[PDB]
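The chain that follows stands alone, in the form deposited in one PDB entry, written as structure tokens.
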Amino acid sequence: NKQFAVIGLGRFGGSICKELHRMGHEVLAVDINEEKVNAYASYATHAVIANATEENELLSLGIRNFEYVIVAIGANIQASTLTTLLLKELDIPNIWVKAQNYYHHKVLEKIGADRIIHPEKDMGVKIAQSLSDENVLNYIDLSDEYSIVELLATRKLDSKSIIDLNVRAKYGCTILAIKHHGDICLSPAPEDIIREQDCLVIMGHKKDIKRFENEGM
């Protein structure tokens, strides 16, 4: 099993640490705040109060032993940048860091961060897509033009069949799944019916899907 180190137990890093630990991985939670450590003590293999900008405390943690180190420090850009620098000079294989803005991304890029993440910005995009289009529940982009979308079926689609709703020739899309009352249906047959308030998964071009939304539902 791979060993993970998470520095900065915020909302983001906290989720990572908690979710990773649930996966049965060796995860070390690191934070400068004692209260933070106490909170996630029950959600980590080891939890240590430490200042990650201190090289001596860093070596005391044995952070060189870890293949993955996650820097989830946000507000204090100084701490985030300085920590990443220390890690890179310690030849840490994989360093993932949470960024605050465009310029924070740039400096992390230059000092050799392996992966940079913008949690709020990315979610901001996702939720915005669901505001303008209440029909969509969730989605994933395959490219700039193609995407898979989970839709909330309306009354317009109630008791409609898959062959009634021709998507492969009329809109160039394909229905991938139907979720009814919790029960799930994968690669549903052309005779399969969709009822309102079910979860509908469609695959195809972005413009095509929206066209199906405007006309079909």
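Shifts are known only where both forms have a C-alpha. By rigid core we mean the largest C-alpha set that fits within 1.5 Å across both forms. Residue positions are given as counts along the sequence shown, with the first one as 1.
The following text describes the form deposited in another entry, which does not appear among the structures shown.
When the two forms are superposed on their rigid core between this form and the one not shown, the C-alpha shift of 2 Å or more among 59, 48, 39, 163 belongs solely to 163.
Inter-residue distance, residue 22 to residue 181 (Cα): reduced by at least 3 Å in the other entry versus the depicted form. In sequence order, 124 to 217 is the sole run of at least 3 consecutive residues whose Cα positions differ by 2 Å or more between this form and the one not shown once the rigid core is superposed.
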